[PDB]
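Protein chains in written order, with my numbering: chain P, 1 to 99; chain Y, 100 to 198.
Note that CB positions come from ideal geometry on N, CA and C, so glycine has one too.
Okay, structure first, notes after.
Protein chains: 2
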Amino acid sequence: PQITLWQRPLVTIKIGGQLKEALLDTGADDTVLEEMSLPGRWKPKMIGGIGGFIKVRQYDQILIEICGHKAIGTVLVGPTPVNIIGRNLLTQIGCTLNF
Amino acid sequence: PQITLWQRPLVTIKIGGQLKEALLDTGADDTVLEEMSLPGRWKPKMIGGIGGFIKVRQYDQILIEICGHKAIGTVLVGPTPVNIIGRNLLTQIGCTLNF
Ligand SMILES: CC(C)CN(C[C@@H](O)[C@H](Cc1ccccc1)NC(=O)O[C@H]1CO[C@H]2OCC[C@H]21)S(=O)(=O)c1ccc(N)cc1
């Protein structure tokens, strides 16, 4: 689909058997989700944003279905105030910016 | 232009007579630029992102030229780690997300 930007580009995703809403975010290198239960093993990592940094758990090769499109890749989990789909997954679903 | 997301979607902008590079950021409601000299009056404001909040200066009716497309609107200035073009300006240049 084509998505205009008069509102937040929020999309429904399914991950870890759970349904969530997440922001399609071209400004985010990596995907980061609020605290949630995920199956795998994980590595501690820290990511930097506007107000400083947060500590996250890195999960690799995690399946996500973003608006009915599957992708597998790194998901970070931690105290982000919003679920963010970053460019690492956006590229997999063929998402582009257009003007 | 159509822009893929294997790299950061950085674009050259002109604002306040100065040239900068900024991220086209669908995840950002508002445009926020690193500390810079801008003409005019302003108002204290706080914006929140991944690591917490920062205090910014809000400038209204500011002219920006983003990839050669003019837009006028609100620009926040403050200690963001990167210059961000947010949805308030992206809509003005007809920027959309497609997959
Ligand atoms: C622009 C950078 C700082 C990157 N940020 C992505 C960005 O889209 C965040 C994503 C975001 C979105 C909502 C809340 C927090 C973070 N948006 C954001 O900070 O926007 C602020 C300016 O406008 C306002 O609208 C939303 C928050 C304000 S980030 O969230 O910090 C980020 C950094 C690293 C990764 N891997 C993933 C995300």
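Just to make sure I have the definition right: I need the residues of chain P whose C-beta is within less than 7 Å of the C-beta of Y/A127. Which are they? The contacting residues are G27.
Looking at P/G52 and ligand 1, is the gap between the Cβ and the nearest heavy atom below 7 Å? no
Does the distance from the CB of Y/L123 to the CB of P/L90 come in under 8 Å? no
Is the beta carbon of P/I84 sitting closer than 8 Å to the one on Y/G126? yes
Please list the residues of the region 169 to 191 of chain Y that have a C-beta atom closer than 7 Å to any C-beta atom in chain P, keeping them in chain order. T179, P180, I183, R186, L189 and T190
Please classify P/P79 as buried or exposed, where buried requires at least 16 neighbouring CB atoms within 10 angstroms. exposed
For P/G16 versus P/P39, is the C-beta distance shorter than 8 Å? yes
Less than 7 Å between the CB of P/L23 and some heavy atom of ligand 1, yes or no? yes
Using 8 Å as the threshold, is the C-beta distance between P/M46 and P/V77 below it? A distance of 8 Å or more separates the beta carbons of P/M46 and P/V77.
Do Y/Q101 and P/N98 have their C-beta atoms closer together than 8 Å? yes
Proximal residues, the region 42 to 53 of chain P versus chain Y, C-beta separation under 8 Å: Along the region 42 to 53 of chain P, the positions whose C-beta sits under 8 Å from a C-beta of chain Y are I47, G48, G49, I50, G51, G52 and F53, read in chain order.
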